[PDB]
Amino acid sequence: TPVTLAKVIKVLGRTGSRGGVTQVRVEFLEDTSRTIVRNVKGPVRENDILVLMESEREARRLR
Amino acid sequence: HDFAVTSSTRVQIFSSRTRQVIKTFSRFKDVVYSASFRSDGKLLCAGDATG
Amino acid sequence: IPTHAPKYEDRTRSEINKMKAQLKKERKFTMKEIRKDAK
Amino acid sequence: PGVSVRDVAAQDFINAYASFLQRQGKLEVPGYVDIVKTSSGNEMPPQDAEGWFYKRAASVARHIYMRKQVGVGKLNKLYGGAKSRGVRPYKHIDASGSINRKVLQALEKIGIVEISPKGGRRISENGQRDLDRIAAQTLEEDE
Amino acid sequence: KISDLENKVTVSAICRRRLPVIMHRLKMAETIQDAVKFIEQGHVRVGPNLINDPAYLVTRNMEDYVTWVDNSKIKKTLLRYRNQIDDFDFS
Amino acid sequence: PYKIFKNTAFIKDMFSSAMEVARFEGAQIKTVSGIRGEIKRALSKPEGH
Amino acid sequence: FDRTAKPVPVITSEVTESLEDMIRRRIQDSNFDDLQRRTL
Amino acid sequence: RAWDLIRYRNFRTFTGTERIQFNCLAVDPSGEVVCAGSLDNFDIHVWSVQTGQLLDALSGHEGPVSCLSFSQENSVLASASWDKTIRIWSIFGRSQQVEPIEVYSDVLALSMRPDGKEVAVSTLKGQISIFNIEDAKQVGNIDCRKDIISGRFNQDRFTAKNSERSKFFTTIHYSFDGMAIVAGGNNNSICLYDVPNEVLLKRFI
Amino acid sequence: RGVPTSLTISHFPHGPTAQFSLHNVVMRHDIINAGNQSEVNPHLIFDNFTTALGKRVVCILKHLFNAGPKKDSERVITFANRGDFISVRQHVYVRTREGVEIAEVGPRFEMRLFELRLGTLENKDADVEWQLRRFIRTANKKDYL
Amino acid sequence: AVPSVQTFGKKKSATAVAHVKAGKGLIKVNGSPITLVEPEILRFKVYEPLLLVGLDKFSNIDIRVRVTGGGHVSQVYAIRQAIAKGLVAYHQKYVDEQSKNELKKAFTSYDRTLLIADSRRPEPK
Amino acid sequence: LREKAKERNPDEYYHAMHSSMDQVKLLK
Amino acid sequence: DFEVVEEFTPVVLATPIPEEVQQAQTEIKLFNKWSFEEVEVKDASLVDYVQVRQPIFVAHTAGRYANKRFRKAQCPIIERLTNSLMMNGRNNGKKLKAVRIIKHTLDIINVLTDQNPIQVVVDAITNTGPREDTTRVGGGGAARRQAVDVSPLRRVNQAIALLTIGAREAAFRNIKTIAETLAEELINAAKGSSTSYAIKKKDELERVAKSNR
Amino acid sequence: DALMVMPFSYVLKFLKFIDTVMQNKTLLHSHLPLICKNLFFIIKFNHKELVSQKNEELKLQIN
Amino acid sequence: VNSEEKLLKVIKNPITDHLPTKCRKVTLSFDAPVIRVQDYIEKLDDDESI
Amino acid sequence: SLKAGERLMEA
RNA sequence: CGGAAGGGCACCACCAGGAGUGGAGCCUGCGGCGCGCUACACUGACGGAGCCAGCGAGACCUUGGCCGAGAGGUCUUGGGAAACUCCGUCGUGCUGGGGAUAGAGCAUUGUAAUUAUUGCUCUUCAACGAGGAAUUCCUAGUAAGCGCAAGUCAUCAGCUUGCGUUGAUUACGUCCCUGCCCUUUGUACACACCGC
């Protein structure tokens, strides 16, 4: 199965999200154009590559 | 310099330059049937009487 | 499979246990009493 | 070129000196060697009852030689481990001073240790030379 | 007070504020004249910078921060008497 | 007294029971050298200690 | 016999009643010490 | 004191209540906070600009703080004090957290890389070290005790050679490339070192 | 044995230390899940502070509690002294339509200062400013000592 | 006199006194070799500076070390710190300062605690 | 002695920082 | 062609220094047994979270890694594994036992699969590093599982603790020892054999994640 | 941050919306500087993605 | 009375914490459509604990 | 009650 | 009096972990509630071997010698803890983890030991098979574990207070919830922002 990777561009704080839940803009490591706002749980900083199964979906708010 | 001999519920590795008991495997329940070394001189197999 | 029977609700050891429980309980009772009266 | 027990390791020299005294045989092993618990805080006698006394003698000699002169009481405090009280917590305990006296009188019979001023037992010149030789043998045991 | 300035400021006050009295005060040298000699030899140092004139009034912070100059024979025999030489710091 | 510390003493054979000690506990005491103190707590393992 | 030191007082309903009435008085009066900020 | 350079007017004379004698100072890159570090107090006093009042006075330094610097990029502070130490503080984002660094002697000079991950420091021994900030690990040092032309005094009783007068460096500056260094202390010299080869480049009497 | 009985307070700029034995501890954890404290800067109520020793005490406690409270700080603390036994309880309070109404909350106990030293606690050797005399003639009778 | 220096390695409660001089290539941990350290698995840990920097000046140089205080871990860390400090002291004083800088930057590149001490000073929040 | 131990001041420089059985006794 | 001459005397030591030691000075290896090259990460997005490039003999460096936020990533991975395995009340802070059991496990893995035990470690870690996890949305009461991603740091920590716990329970009340069972679990997760509790756990997590994605 | 969080699809929608009010200049004259400021933050934020992108209708919009 | 084991064991919630992994869970409903027990168990998988 | 940015997105 | 907004803070919030308690036994503080101790074994038990600290100095503590398995006692002399490391043994069995009880024997203290004052030796080998409802607490030399020393006016002796050793997992972000607090006159001074 094809698995894609995406490096963090910019962390997104001050939003209304559940504790532990992190909301992060990433860019496709393959194609530097595409930027998708997904969600990451663990402790993370900027400009590190992440793993992804589904690409077309973007992780929305979780109250 | 070493060789294993099966025995009563026990495998005995003897030396050659000394010809003395170096190791005694006795974790078995009944009498060991076979004792064979690997091609790399580290891992040995002991066929038992339990199958 | 072997069925089992539950118990629910040494004679010398049981009466030793009951007697020593009596000693401990009665002793601490009188000790707290006499401590309160002394203070 | 001149070596000693401070240069050789502990366990290898102890077991080798035990086996050397075993093949010597001139030690006068006592009669209750297979009944003593070697301490009161222990639970079982030594498992290998064949050479535990020789190991003890080698370890005592090594301790004296690393030291200079000792008493039976100081060796007893050294060899004494911790006891297991059970329901209560644990505390320190001491070993068999009779066993230490048997070892010490045996080594004094052989002549490796001897009586010592200000009180004690010390290593002899012949005994020190023998320790030096068996240290050389144990280090050149690698053929 | 104001009487403390109108009365208590002395030549002795400014003289004990002088440096070799402070060295003899902190027992840097056993005597004040040997403190002066250490000042001349520059075996001391006053915070960031060492010193060479005894005619010096020391601010309280530099009084807390005055000591010997590094790699000096005097501090070396200090650490030799204390048997705590650390040649890593060329002490 | 059969065991003493700095400002502390362990005293036996004054009472028959720790109950007697508790009936007389927390109390002003002094001794023949004239010196003061207080009985505070019974010792549990012996009776009048 | 005699005792050596003051007894530790055990606290009763009447004691805490008198206390809380004293508190009610001090707060009705609003009179109570505070660490007010130093002026200037 | 905070001043204009276009209307040319003092904005604010920030002061401590005791008015302690600030030596070192650093300013926020966006210009929101100002910090001053004295010698008698060695407590880092920090004011906001528009408030005019102090926000805080950081402690943790024992003995006077030689110098202060702000890594503008991550915008944190390094404070070098005569406890032979550095102490880096991150003060925003509910952090208020600390990273101390022991060095071998009392530091008296401090500066940061214009990129903001390495830091150069000059101590009394004359060695100028460099540290990665994030791992807080020494990048590496350059000796300076040898290449110092100190001068002799007329009232000297020793030589100019055996004098410990200016065997360190008191002020340093980075190249804006972060590859050269201009260092100047109490001596008669101004030196120019290189970062990657860790060698000097030039000495001007 | 898990029973709090001693509390020492030291002032860090080389300040004094107040050594108390606290006994009659009643904890909110022990009593109920009553909720949480308001954590507003509380009001202070000192009672029966007569001697200059008591003046030093009220100075120390006034200064350990935070400066400049709100006039409408709705939790109040008490400092109730009697028989040389200071005792304290947390009190939130409101005024009624006519009078006042309080709720005792927080802790509840009796402590007693058995020592006051000039230096800090890590001294253990600095000059004691006030020492309790247990072994004296008038010990169960003398107040403020 | 003999070119010799003396340093210390100081851990939690472990102090190690080191005496360094030009010698025949012997290292004596309390009269025993460095091959006779106690825990038998931190032998590599105490070996670290020697194999880090090479064996030649250690053939040139004899060191005697005597250690007091601290547990086993504190002891061995104080020991290897004392080794590094004594060797850099000797190679500063009697040997070249340039080579001193080389071994210094190498030891700082691997592990600075051989040079400087790690003081776990407490912090409040 | 404890107070003088606390204020040892380890930078003092004093100038004094630079200084059969009967058969054995007869020998010595 | 060209050469440098740098050694000029045969280095003789009055303290007898062994041959493995005089080869370890040439190349540091782990337990002086396994080299530090040819152990590279097989997958992106986990490099620089895995730090293996710095050589060592034993994983007992006392470097303070408990202060910053990524010092755990800067830490040598074997040291973190030891800190993880020494996690029981009867095992709190027993680092020499930890190092010895690690040495045993590495010998056993090098016996079974002779390639490299530390490379088997790296591969099993990268294998069982999970990819998606479902948080519990409270939903005002409708607490359901909603799948999002996971930081590679957390992937690392969870994989380490997962293999740690798996070996722990595997040799908990069992005649086999912790060292050999951790060898087996490590080979299992290096295979992605799915008979390992760690791989099964990560698989069912990402299964639930793909379900309620 | 509420301008930071938006994905580029919504960014593109916003550009079309700017084009629409640019037709409706009269409404633009009511909130022109706000319009400029948010537009500028948008383009400065997402600049690399859009400049890697290509769309001639978007080009004409910008013109 | 054999003292071999605790038999009736009060355990921790939940049942899912005390269930096997490959697992099918069914509730008998009076409204849900009828099935056959033998046909259901035979159509079940091999390593499944119903 | 929604969040800003989200509200801007849906509007 | 209420509503609304904005901001901040919280191991009484979110989030990640850890560690206990509550299950067995023992001790101890409360009238059936609480605080600790020992176990539930293989990272374990046992036997040898090796040995690394610190706090503590108002007929007492002792170097050494003697015998006694031991407990012990004797004559003389002055005023180096455990956990840990190696080897071996055991091995998955309420088994050798666990030591509860009981008997027997030997020694010391005390008038007298009897209801074993106390220690030791052997035999007897129970419960406990990792602790439900739940519970708490916490972000580095931390939790934890280990042992050592002193009781030095309150309080403490199967207990308090000091001391050393070893030593971590996971956060170090967020107000999303749980609250709780602040603001909703820039007032203040450049430039910018904002503008009931």
# chains A, B, ... in the order shown; residues from 1 in each chain; ligands from 1

$ residues_around --residues "residue 70 (chain J)" --least-positions-apart "4" --cutoff "7 Å" --atoms "only C-alpha atoms (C1' of nucleotides)" --output "list in words"
residues 12, 13, 14, 74 and 75 of chain J; 52 and 53 of chain P

$ write_last_selection --atoms "N, CA and C atoms (P, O5', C5', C4', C3', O3' and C1' of nucleotides)" --output "PDB file, in the first residue's frame"
ATOM      1  N   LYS J  12      29.191  13.074  43.107  1.00  0.00           N
ATOM      2  CA  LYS J  12      28.254  13.274  44.215  1.00  0.00           C
ATOM      3  C   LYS J  12      28.914  13.279  45.588  1.00  0.00           C
ATOM      4  N   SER J  13      29.636  12.210  45.906  1.00  0.00           N
ATOM      5  CA  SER J  13      30.434  12.167  47.122  1.00  0.00           C
ATOM      6  C   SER J  13      31.790  11.538  46.855  1.00  0.00           C
ATOM      7  N   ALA J  14      32.107  11.298  45.589  1.00  0.00           N
ATOM      8  CA  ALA J  14      33.299  10.561  45.192  1.00  0.00           C
ATOM      9  C   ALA J  14      34.387  11.549  44.800  1.00  0.00           C
ATOM     10  N   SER J  74      29.258   6.973  41.048  1.00  0.00           N
ATOM     11  CA  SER J  74      29.954   8.213  41.366  1.00  0.00           C
ATOM     12  C   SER J  74      31.459   8.011  41.358  1.00  0.00           C
ATOM     13  N   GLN J  75      31.914   6.877  41.879  1.00  0.00           N
ATOM     14  CA  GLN J  75      33.338   6.603  41.948  1.00  0.00           C
ATOM     15  C   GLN J  75      33.953   6.525  40.564  1.00  0.00           C
TER      16      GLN J  75
ATOM     17  P     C P  52      35.765  -1.319  49.212  1.00  0.00           P
ATOM     18  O5'   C P  52      34.793  -0.940  48.011  1.00  0.00           O
ATOM     19  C5'   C P  52      35.093   0.132  47.131  1.00  0.00           C
ATOM     20  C4'   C P  52      33.990   1.157  47.119  1.00  0.00           C
ATOM     21  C3'   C P  52      33.680   1.802  48.457  1.00  0.00           C
ATOM     22  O3'   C P  52      34.595   2.823  48.805  1.00  0.00           O
ATOM     23  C1'   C P  52      31.661   1.195  47.378  1.00  0.00           C
ATOM     24  P     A P  53      34.566   3.439  50.286  1.00  0.00           P
ATOM     25  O5'   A P  53      33.586   4.686  50.147  1.00  0.00           O
ATOM     26  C5'   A P  53      33.036   5.319  51.291  1.00  0.00           C
ATOM     27  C4'   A P  53      31.748   6.023  50.952  1.00  0.00           C
ATOM     28  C3'   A P  53      31.265   7.045  51.966  1.00  0.00           C
ATOM     29  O3'   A P  53      31.929   8.288  51.844  1.00  0.00           O
ATOM     30  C1'   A P  53      29.466   5.658  51.341  1.00  0.00           C
TER      31        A P  53
END

$ residues_around --residues "residue 70 (chain H)" --least-positions-apart "3" --cutoff "10 Å" --atoms "only C-alpha atoms (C1' of nucleotides)" --output "PyMOL selection string"
chain H and resi 25-29+35+73-79+88-89+111-112+116

$ select_by_dssp --residues "chain F" --states "alpha helix (DSSP H)" --output "PyMOL selection string"
chain F and resi 18-23

$ interface_residues --of "chain H" --to "chain P" --cutoff "10 Å" --atoms "only C-alpha atoms (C1' of nucleotides)" --output "list in words"
residues 3, 4, 5, 6, 7, 8, 9, 10, 11, 12, 50, 51, 52, 93, 94, 95 and 97 of chain H

$ interface_residues --of "chain P" --to "chain J" --cutoff "10 Å" --atoms "only C-alpha atoms (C1' of nucleotides)" --output "list in words"
residues 50, 51, 52, 53, 54, 84, 85, 86, 140, 141, 164, 165 and 166 of chain P

$ residues_around --residues "residue 30 (chain A)" --least-positions-apart "2" --cutoff "9 Å" --atoms "only C-alpha atoms (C1' of nucleotides)" --output "MDAnalysis selection string"
chainID A and resid 4:6 27:28 32:33

$ write_last_selection --atoms "C-alpha atoms" --output "tab-separated table (two decimals), in the first residue's frame"
chain	number	residue	atom	x	y	z
A	4	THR	CA	2.91	9.29	1.87
A	5	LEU	CA	5.09	11.56	3.97
A	6	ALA	CA	4.61	15.23	4.74
A	27	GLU	CA	3.46	20.02	3.01
A	28	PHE	CA	3.79	16.94	0.84
A	32	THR	CA	6.55	20.74	-2.09
A	33	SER	CA	3.43	22.61	-3.29

$ interface_residues --of "chain D" --to "chain L" --cutoff "12 Å" --atoms "only C-alpha atoms" --output "ChimeraX atom specification"
/D:1,3,7-8,139

$ select_by_dssp --residues "chain D" --states "strand (DSSP E or B)" --output "VMD selection string"
chain D and resid 39 69 to 70 82 to 83 91 to 92 95 113 to 115 121 to 123

$ write_last_selection --atoms "N, CA and C atoms" --output "PDB file, in the first residue's frame"
ATOM      1  N   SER D  39      27.274 -19.221  58.967  1.00  0.00           N
ATOM      2  CA  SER D  39      26.678 -18.031  59.563  1.00  0.00           C
ATOM      3  C   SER D  39      25.336 -18.447  60.147  1.00  0.00           C
ATOM      4  N   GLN D  69      47.445  -7.422  58.765  1.00  0.00           N
ATOM      5  CA  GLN D  69      47.166  -8.348  59.853  1.00  0.00           C
ATOM      6  C   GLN D  69      45.713  -8.153  60.261  1.00  0.00           C
ATOM      7  N   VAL D  70      45.055  -9.247  60.637  1.00  0.00           N
ATOM      8  CA  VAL D  70      43.623  -9.230  60.928  1.00  0.00           C
ATOM      9  C   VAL D  70      43.368 -10.043  62.187  1.00  0.00           C
ATOM     10  N   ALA D  82      23.996  -9.992  55.502  1.00  0.00           N
ATOM     11  CA  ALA D  82      22.736  -9.524  56.060  1.00  0.00           C
ATOM     12  C   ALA D  82      21.815 -10.707  56.322  1.00  0.00           C
ATOM     13  N   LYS D  83      21.039 -10.613  57.396  1.00  0.00           N
ATOM     14  CA  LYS D  83      20.110 -11.670  57.758  1.00  0.00           C
ATOM     15  C   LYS D  83      18.703 -11.348  57.262  1.00  0.00           C
ATOM     16  N   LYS D  91      18.525  -6.745  59.117  1.00  0.00           N
ATOM     17  CA  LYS D  91      19.667  -6.106  59.761  1.00  0.00           C
ATOM     18  C   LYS D  91      20.914  -6.935  59.464  1.00  0.00           C
ATOM     19  N   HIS D  92      22.055  -6.457  59.953  1.00  0.00           N
ATOM     20  CA  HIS D  92      23.342  -7.106  59.740  1.00  0.00           C
ATOM     21  C   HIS D  92      23.484  -8.327  60.643  1.00  0.00           C
ATOM     22  N   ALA D  95      29.287 -14.118  60.813  1.00  0.00           N
ATOM     23  CA  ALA D  95      29.550 -15.472  60.341  1.00  0.00           C
ATOM     24  C   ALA D  95      29.993 -16.382  61.491  1.00  0.00           C
ATOM     25  N   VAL D 113      50.335 -18.290  56.984  1.00  0.00           N
ATOM     26  CA  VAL D 113      50.100 -17.169  57.880  1.00  0.00           C
ATOM     27  C   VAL D 113      50.821 -17.469  59.185  1.00  0.00           C
ATOM     28  N   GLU D 114      50.911 -16.471  60.053  1.00  0.00           N
ATOM     29  CA  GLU D 114      51.616 -16.638  61.313  1.00  0.00           C
ATOM     30  C   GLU D 114      51.091 -15.613  62.301  1.00  0.00           C
ATOM     31  N   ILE D 115      51.484 -15.779  63.566  1.00  0.00           N
ATOM     32  CA  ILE D 115      51.068 -14.839  64.598  1.00  0.00           C
ATOM     33  C   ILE D 115      51.745 -13.484  64.366  1.00  0.00           C
ATOM     34  N   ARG D 121      47.180 -12.210  62.774  1.00  0.00           N
ATOM     35  CA  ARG D 121      47.840 -13.148  61.869  1.00  0.00           C
ATOM     36  C   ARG D 121      48.206 -12.449  60.567  1.00  0.00           C
ATOM     37  N   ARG D 122      49.464 -12.586  60.154  1.00  0.00           N
ATOM     38  CA  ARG D 122      49.939 -11.955  58.929  1.00  0.00           C
ATOM     39  C   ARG D 122      50.477 -13.001  57.965  1.00  0.00           C
ATOM     40  N   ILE D 123      50.718 -12.549  56.736  1.00  0.00           N
ATOM     41  CA  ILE D 123      51.311 -13.383  55.699  1.00  0.00           C
ATOM     42  C   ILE D 123      52.795 -13.553  55.993  1.00  0.00           C
TER      43      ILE D 123
END

$ residues_around --residues "residue 68 (chain E)" --least-positions-apart "2" --cutoff "8 Å" --atoms "only C-alpha atoms (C1' of nucleotides)" --output "VMD selection string"
chain E and resid 43 to 45 66 70 72 74 to 75

$ residues_around --residues "region 30-41 of chain F" --least-positions-apart "4" --cutoff "7 Å" --atoms "only C-alpha atoms (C1' of nucleotides)" --output "VMD selection string"
(chain F and resid 25 to 26) or (chain G and resid 4) or (chain I and resid 135)

$ residues_around --residues "region 14-31 of chain N" --least-positions-apart "6" --cutoff "9 Å" --atoms "only C-alpha atoms (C1' of nucleotides)" --output "count of residues only"
5

$ closest_atom_pairs --of "chain B" --to "chain L" --cutoff "10 Å" --atoms "only C-alpha atoms" --output "JSON lines"
{"residue": "B:40", "atom": "CA", "partner": "L:111", "partner_atom": "CA", "distance": 9.6}
{"residue": "B:42", "atom": "CA", "partner": "L:111", "partner_atom": "CA", "distance": 7.9}
{"residue": "B:43", "atom": "CA", "partner": "L:111", "partner_atom": "CA", "distance": 8.3}

$ write_last_selection --atoms "C-alpha atoms" --output "PDB file, in the first residue's frame"
ATOM      1  CA  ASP B  40      28.996 -22.848  13.782  1.00  0.00           C
ATOM      2  CA  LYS B  42      27.616 -22.511  19.399  1.00  0.00           C
ATOM      3  CA  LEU B  43      24.096 -24.010  19.377  1.00  0.00           C
TER       4      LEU B  43
END

$ residues_around --residues "residue 10 (chain G)" --least-positions-apart "6" --cutoff "12 Å" --atoms "only C-alpha atoms (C1' of nucleotides)" --output "PDB file with N, CA, C and O atoms, in the first residue's frame"
ATOM      1  N   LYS C  36      -7.884   9.292  77.436  1.00  0.00           N
ATOM      2  CA  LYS C  36      -8.829  10.406  77.456  1.00  0.00           C
ATOM      3  C   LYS C  36      -9.096  10.889  78.878  1.00  0.00           C
ATOM      4  O   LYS C  36      -9.123  12.102  79.130  1.00  0.00           O
ATOM      5  N   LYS C  39      -5.892  12.849  80.194  1.00  0.00           N
ATOM      6  CA  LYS C  39      -5.775  14.205  79.656  1.00  0.00           C
ATOM      7  C   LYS C  39      -6.879  15.113  80.190  1.00  0.00           C
ATOM      8  O   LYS C  39      -6.645  16.305  80.445  1.00  0.00           O
TER       9      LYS C  39
ATOM     10  N   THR G  16     -16.468  27.182  69.151  1.00  0.00           N
ATOM     11  CA  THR G  16     -16.502  27.666  67.776  1.00  0.00           C
ATOM     12  C   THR G  16     -17.695  28.581  67.535  1.00  0.00           C
ATOM     13  O   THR G  16     -17.654  29.418  66.631  1.00  0.00           O
TER      14      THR G  16
ATOM     15  N   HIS I  23      -1.180  19.991  65.729  1.00  0.00           N
ATOM     16  CA  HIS I  23      -1.745  18.728  66.183  1.00  0.00           C
ATOM     17  C   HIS I  23      -3.143  18.448  65.638  1.00  0.00           C
ATOM     18  O   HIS I  23      -3.369  17.401  65.024  1.00  0.00           O
ATOM     19  N   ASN I  24      -4.090  19.362  65.839  1.00  0.00           N
ATOM     20  CA  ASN I  24      -5.514  19.015  65.771  1.00  0.00           C
ATOM     21  C   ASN I  24      -6.035  19.076  64.335  1.00  0.00           C
ATOM     22  O   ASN I  24      -7.107  19.609  64.062  1.00  0.00           O
ATOM     23  N   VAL I  25      -5.293  18.441  63.432  1.00  0.00           N
ATOM     24  CA  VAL I  25      -5.461  18.647  61.995  1.00  0.00           C
ATOM     25  C   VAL I  25      -6.788  18.071  61.514  1.00  0.00           C
ATOM     26  O   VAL I  25      -7.104  16.900  61.754  1.00  0.00           O
ATOM     27  N   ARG I  82      -5.874  31.708  71.986  1.00  0.00           N
ATOM     28  CA  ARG I  82      -6.269  31.550  73.380  1.00  0.00           C
ATOM     29  C   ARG I  82      -5.386  30.530  74.076  1.00  0.00           C
ATOM     30  O   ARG I  82      -5.030  29.505  73.483  1.00  0.00           O
ATOM     31  N   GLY I  83      -5.033  30.816  75.326  1.00  0.00           N
ATOM     32  CA  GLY I  83      -4.267  29.897  76.156  1.00  0.00           C
ATOM     33  C   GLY I  83      -2.938  29.502  75.558  1.00  0.00           C
ATOM     34  O   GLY I  83      -2.485  28.368  75.757  1.00  0.00           O
ATOM     35  N   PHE I  85      -2.604  28.960  72.440  1.00  0.00           N
ATOM     36  CA  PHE I  85      -2.917  28.019  71.368  1.00  0.00           C
ATOM     37  C   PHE I  85      -3.624  28.788  70.259  1.00  0.00           C
ATOM     38  O   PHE I  85      -4.837  29.002  70.294  1.00  0.00           O
ATOM     39  N   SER I  87      -5.232  28.975  66.705  1.00  0.00           N
ATOM     40  CA  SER I  87      -5.945  27.984  65.919  1.00  0.00           C
ATOM     41  C   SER I  87      -6.660  28.679  64.772  1.00  0.00           C
ATOM     42  O   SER I  87      -7.148  29.802  64.923  1.00  0.00           O
ATOM     43  N   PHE I 109      -7.263  23.286  62.756  1.00  0.00           N
ATOM     44  CA  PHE I 109      -6.338  22.662  63.695  1.00  0.00           C
ATOM     45  C   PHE I 109      -5.847  23.656  64.726  1.00  0.00           C
ATOM     46  O   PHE I 109      -6.173  24.842  64.668  1.00  0.00           O
ATOM     47  N   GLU I 110      -5.025  23.147  65.639  1.00  0.00           N
ATOM     48  CA  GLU I 110      -4.307  23.959  66.606  1.00  0.00           C
ATOM     49  C   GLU I 110      -2.813  23.729  66.449  1.00  0.00           C
ATOM     50  O   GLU I 110      -2.337  22.587  66.498  1.00  0.00           O
TER      51      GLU I 110
END

$ atom_distance --atom1 "CA of residue 22 (chain J)" --atom2 "CA of residue 65 (chain J)"
14.6 Å

$ interface_residues --of "chain N" --to "chain P" --cutoff "6 Å" --atoms "only C-alpha atoms (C1' of nucleotides)" --output "list in words"
residues 10, 11 and 12 of chain N

$ atom_distance --atom1 "CA of residue 40 (chain M)" --atom2 "CA of residue 62 (chain M)"
12.6 Å

$ atom_distance --atom1 "CA of residue 116 (chain I)" --atom2 "CA of residue 34 (chain G)"
23.3 Å
